[PDB]
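The block underneath contains the structure these notes are about, expressed in structure tokens.
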Amino acid sequence: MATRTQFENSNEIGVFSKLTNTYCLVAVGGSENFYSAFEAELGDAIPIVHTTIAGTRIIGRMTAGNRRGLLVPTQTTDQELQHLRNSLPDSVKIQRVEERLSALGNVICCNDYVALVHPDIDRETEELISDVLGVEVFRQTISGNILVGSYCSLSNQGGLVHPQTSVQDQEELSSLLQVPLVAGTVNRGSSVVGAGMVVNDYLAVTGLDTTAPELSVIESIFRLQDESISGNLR
Amino acid sequence: XXXXXXXXXXXXXXXXXXXXXXXXXXXXXXXXXXXXXXXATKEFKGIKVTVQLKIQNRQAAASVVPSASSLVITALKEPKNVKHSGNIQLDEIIXXXXXXXXXXXXXXXXXXXXXXXXXXXXXXXXXXXXXXXXXXXXXXXXXXXXX
Amino acid sequence: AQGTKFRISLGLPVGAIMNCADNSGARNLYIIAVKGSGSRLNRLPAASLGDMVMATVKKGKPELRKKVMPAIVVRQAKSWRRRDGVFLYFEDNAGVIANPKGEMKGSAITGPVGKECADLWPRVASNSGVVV
Amino acid sequence: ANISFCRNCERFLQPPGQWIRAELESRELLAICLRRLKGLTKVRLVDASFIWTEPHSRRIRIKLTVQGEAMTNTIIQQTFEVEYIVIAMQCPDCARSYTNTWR
Amino acid sequence: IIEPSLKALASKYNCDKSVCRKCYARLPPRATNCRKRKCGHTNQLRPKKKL
Amino acid sequence: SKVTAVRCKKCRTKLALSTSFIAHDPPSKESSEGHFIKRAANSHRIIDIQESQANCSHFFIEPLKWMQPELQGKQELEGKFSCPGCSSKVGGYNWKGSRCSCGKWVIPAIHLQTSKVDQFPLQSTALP
RNA sequence: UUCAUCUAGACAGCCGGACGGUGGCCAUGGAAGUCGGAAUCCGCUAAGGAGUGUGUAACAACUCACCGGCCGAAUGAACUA
């Protein structure tokens, strides 16, 4: 549901992990407590992969992916590419992307159906995203920011956006993304909402300093909320 | 099975806060425990200390009050300190009060048990003016009639 | 607040004027200190790619000027040795300003960001466009 | 805080050793903020104009607005007032506490 | 949780001592003189403060 | 009003519902109970005075069904328990006291600390 | 150097007993001899405080007052250099 945990002592989970519908990715330098958050709740449905991208531990911001495909940047080595093609299932396709804009997570905000990309991305990538992910690509900015992946968490049900966002432009994106959108803060007043948390259909994991009113806004738009063991025995 | 003779102090209407910790390992209750205490303190004043004991097994209620201490001498009266200092007319009914009191007091009947409940009453006026120390030293009332 | 980072070549002493990569109104930053620096007689404490410096704004918005506030280096002109082998170096120096926790005040970063800064600081990699 | 004062000769003691004789309730607004523990860390000492106290009462009350906030987005102002305890003493110019240094 | 039969067993080794005023040494509670030489065998002893 | 639930942070398990909550709302504010008194070793001697906090930072609930194997097995007078899925210290049980942070007393106490737990409404969403 | 104790049994220690109204009463989340206020009674006793200290959340436990024997010639306090 709405579980909270943290990597080593940092609240942000979207930097250090990439959660999709059919798989999950985590960085290698984690404690036993951080790994046990995903293992206890995902179970054996989707494969959890320990990986690194380009010699880094920031794999949630370097990669871009959904149910059908994964996009990795150029500096990902052949040893790390061969490891991912084994642990992930045969349904997903992994493709290395030649970019000037290396960090694909900040650039691409995507789901099963509709993706928003950075406006200065080139045309040879727009052909590549739509054929790998199988997603319509729409060049658009969140009202004041070009980094659409960092400031806008998105799932299949809903999407949380940047707090300083006009209502007149949320109705533009909801017309475009075909999902309802709510603005808010995560991690006790951090405007970077896509890097603080992750989301798929059946799970959404955020930081430990996310307050209780903030957690209500998250699970509401994503619609992941829903007892005999509790009772009175005196 | 198992018997267990505990204790209970103070209270007028309901209380048992101190006892409440005693029922931790024992049978847990808040409703019937103050109700079984209410069956004990029924027609007993809430100002005065009511010392009792309760014996229980599988939520069993007990209400006994032996009153061999100052519980008797506070009962036969009219209700920085609420003064219990009264001129009590005890000496006639104190012959009846010592009769309930001296169940074993372990003395030679009433004549040596007419001084136990006298100085136990550490406040009252007794009969006439005073009824304490030298005012109840020599007992020439009832005495051997109770034996 | 600063985790483990492998030593790279020190290219920015006290008195350096590096650029300002973010969009918080400031134009350049003047380095006056390096957090966690050493101690040696007559030695200027020096910064590196990814260190945290105390810095003032010499040019930009007048609200940001005349106060000392911590900053994080994101580019460097002195060439450093990565462990995998290569010697690389950017074209100019750059820094972004931050709170002493390490969270960033600006919204985005223009220009590339060095990779050993994106691993060390979680907020800078969230706002980075291009990582090397 | 505590502020020293010449009862006879009307001077003010600065933290090290000074005895700046200032005009009463005109520019003592300016001589106090050196003695105060708080430095330039407080936002913008945007304004300072002290409010009236009784002239027989031995205390001085001041108001000020620091106005500079860094609560991650904005610069929201804040207004508050503090008080000062007047203490009288001797100031050896005005005390005559006399015998070698005659010069 | 501490079962105060065992708390009295441990306080004899920790709390029930005496402290010399000059050299701050830890002394037995029935002592009259401090056993060290760097305080000159002084006899100004105080009990150790209880918690 | 409506019934509410108290879900555990990092466990996401419903620890306690409403129809509970013996909230004891007023503190006393007087000098013997509303203030925190630290005496000395001897002679009833006050060394410290502490003012009580704003709101009672606990939830005093009835002993519930999931608490029962910790309360039957090794029954003691004081201790602590956890969520049944994360083993994190949520709240302690004590048959003595531990008034509130804000201070009264209670009864024999089953306190559920409101740090590292939170309270959500049991009904539908507010739909803001 | 000056006092004071002891074969008419000390000092030091060990062995027993220390009960009964009784968790006396107001006071309070709780106070049972021992956080505190004020009373100091009575039963039995060889002797035993409405308790001398240590302690417990509150008891308990133990120590002291007090009563007995067990032991066998030394012991305590101040001071001078």
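Quick grid of which residues meet (1) under 25 Å from A:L104 (Cβ atoms); (2) among the hydroxyl-bearing types (S, T, Y):
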| site | (1), (2) |
| --- | --- |
| A:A195 | yes, no |
| A:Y202 | yes, yes |
| A:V205 | yes, no |
| A:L208 | no, no |
| A:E219 | no, no |
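Checking each residue of segment F:72-92 against the condition of being touching a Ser or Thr at 6+ places or on another chain (Cβ under 8 Å), of a type in the set (D, E, K, R) and away from chain A (no Cβ under 13 Å) gives at least one match. All of (1) of a type outside the set (D, E); (2) over 13 Å from the mean Cα position of the chain (by Cα); (3) under 25 Å from C:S128 (Cβ atoms) hold for A:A195 with one exception: (2).
Here is a check on your reading of the model: is F:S98 under 30 Å from F:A5 (Cα atoms), assigned to a loop (DSSP other than H, G, I, E, B) and away from chain A (no Cβ under 14 Å)? I'd like the intermediate steps shown before the answer.
Numbers: under 30 Å from F:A5 (Cα atoms): yes; assigned to a loop (DSSP other than H, G, I, E, B): yes; away from chain A (no Cβ under 14 Å): yes.
Judged against the criteria, F:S98 is a match.
Listed by first and then second residue, the pairs with beta-carbon distance under 7 Å, at least 6 apart or on different chains, first residue in segment B:122-147 and within 14 Å of chain F (Cβ to nearest Cβ), second within 11 Å of RNA strand G (Cβ to nearest atom) and not in a loop (DSSP other than H, G, I, E, B), form an empty list.
So, in segment A:23-76, how many residues would count as being assigned to a loop (DSSP other than H, G, I, E, B) and either under 29 Å from C:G129 (Cβ atoms) or among the β-branched types (V, I, T) (or both)?
Taking segment A:23-76 as the starting set, the residues that turn out to be assigned to a loop (DSSP other than H, G, I, E, B) are A:23, A:27-31, A:43-47, A:51-52, A:54-55, A:57-58, A:63, A:66-68, A:73-76.
Retained after the next criterion (residues that are either under 29 Å from C:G129 (Cβ atoms) or among the β-branched types (V, I, T) (or both)): A:23, A:27-30, A:46, A:51-52, A:54-55, A:57-58, A:63, A:66-68, A:73-76.
Total satisfying the criteria: 20.
Scoring C:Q76 on the criteria (1) buried (at least 24 other Cβ atoms within 10 Å of the Cβ); (2) in contact with a strand residue (DSSP E or B) (Cβ under 6 Å, 6 or more places away or on another chain); (3) away from every other protein chain (no Cβ under 14 Å) leaves a single failure, condition (2). For segment F:39-56, the set of residues classified as within 14 Å of another protein chain (Cβ to nearest Cβ) and either within 14 Å of the chain's Cα centre (by Cα) or surrounded by fewer than 10 Cβ atoms within 10 Å (Cβ to Cβ) (or both) consists of F:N42, F:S43, F:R45, F:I47, listed by residue number.
Restricting attention to segment B:1-25 and to residues that are loosely packed, with under 15 Cβ neighbours inside 10 Å and within 11 Å of chain F (Cβ to nearest Cβ), the residue that is nearest to A:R234 (Cα to Cα) turns out to be B:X25.
Among the criteria (1) in contact with a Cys (Cβ under 9 Å, 6 or more places away or on another chain); (2) not charged (D, E, K, R); (3) not in a loop (DSSP other than H, G, I, E, B), the one F:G91 does not fulfil is (1). B:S85 meets the conditions (1) under 14 Å from the mean Cα position of the chain (by Cα); (2) among the hydroxyl-bearing types (S, T, Y); (3) within 13 Å of RNA strand G (Cβ to nearest atom) in every case but one. The failed one is (1). When you check B:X10 against the structure, is it out of contact with any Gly (no Cβ under 9 Å at 6 or more places or on another chain), on the phi > 0 side of the Ramachandran plot and within 13 Å of RNA strand G (Cβ to nearest atom), yes or no? Judged against the criteria, B:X10 is a match. The residues on offer are B:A68, B:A75, and the sole one that is of a type in the set (A, V, I, L, M) and either more than 8 Å from RNA strand G (Cβ to nearest atom) or over 23 Å from B:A40 (Cβ atoms) (or both) is B:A75. The condition of being in contact with a strand residue (DSSP E or B) (Cβ under 6 Å, 6 or more places away or on another chain) and either closer than 23 Å to A:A54 by Cβ or surrounded by fewer than 19 Cβ atoms within 10 Å (Cβ to Cβ) (or both) holds for only one of C:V86, C:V53, C:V68, C:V34, that being C:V68. Considering segment E:8-51, and only residues there that are within 14 Å of chain F (Cβ to nearest Cβ) and within 10 Å of RNA strand G (Cβ to nearest atom), the residue that is surrounded by the fewest Cβ atoms within 10 Å (Cβ to Cβ) turns out to be E:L51. Sub-9 Å Cβ pairs linking a first residue in segment F:56-83 that is basic (K, R) to a second residue that is part of a loop (DSSP other than H, G, I, E, B), at least 6 apart or interchain, are F:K65/A:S228; F:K65/A:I229; F:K65/A:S230; F:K65/A:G231; F:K65/A:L233, ordered by first then second residue.
No value in this document is a laboratory result; all are computed from the given coordinates. A quick note on method: Cβ atoms are made from the backbone with ideal geometry, for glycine too, and the neighbour counts reach across all protein chains shown.
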